[PDB]
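We begin with a single chain expressed as structure tokens, specifically the form solved without (chloromethyl)benzene (9CL).
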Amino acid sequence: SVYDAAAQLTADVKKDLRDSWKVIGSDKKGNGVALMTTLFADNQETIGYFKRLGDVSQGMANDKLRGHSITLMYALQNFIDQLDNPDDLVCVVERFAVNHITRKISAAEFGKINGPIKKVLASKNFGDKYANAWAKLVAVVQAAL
């Protein structure tokens, strides 16, 4: 369950999540667009899911893609600020999951975000240990999908 998944994020994982977010979160426009573009480059099959965003090849130039990327970063910001209270983390994760469930995104597909996140972290000198801490947070959301 979502609680089980969340309830496991240990004090060390919370620390790595926060430390890394201090950096990749300080520049939401840049990193967020980086996440999306990388996701499209490595998993072309997901481009169709974003038809409403227009031409995603435009990158930073596409306002729809830019506004979406910035907003996505605030969803993560929200998850990070609720790390100390499982109760709050869970209920916010639940609301969030609804959007991707109606979007027909399965747990396995949503998991594809791991690759990109890993690459954005690396570009900032945050190795495997950190990528793993993020896969745990991503796992909490997967438990609600």
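From 1 onward, residues are counted along the sequence shown.
Stretches 125-133 and 17-25 differ in mean C-alpha B factor, with the higher average recorded for 125-133. When the C-alpha B-factors of 60-68 and 81-89 are averaged, 81-89 comes out higher. Per the deposited record, the Cα B-factor of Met36 falls in the lowest third when ranked against the other modelled residues of its chain. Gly48: CA B factor in the highest third of modelled residues in this chain (values from the PDB entry).
Looking at the C-alpha B-factors along this chain, the one for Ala108 belongs to the middle third. In this PDB entry, the Cα temperature factor of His100 sits in the top third of its chain's modelled residues, the highest group.
Keep in mind the form solved in complex with (chloromethyl)benzene (9CL) is missing from the figure; the text below concerns it.
Contact check for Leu89: no non-hydrogen atom falls within 4.5 Å of (chloromethyl)benzene (9CL) in the entry with it bound. Although the partner is absent here, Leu83 sits far enough away that none of its heavy atoms falls within 4.5 Å of (chloromethyl)benzene (9CL) in the entry with it bound. Contact between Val13 and (chloromethyl)benzene (9CL) in the entry with it bound is not found at the 4.5 Å heavy atom cutoff. In the entry with it bound, (chloromethyl)benzene (9CL) sits within 4.5 Å of a heavy atom belonging to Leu121. Taking the partner from elsewhere, every residue among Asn31, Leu35 and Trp134 has a non-hydrogen atom within 4.5 angstroms of (chloromethyl)benzene (9CL) in the entry with it bound.
In the entry with it bound, the residues of 16-35 lying within 4.5 Å of (chloromethyl)benzene (9CL) by at least one heavy atom are, in order, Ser20, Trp21, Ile24, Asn31, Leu35.
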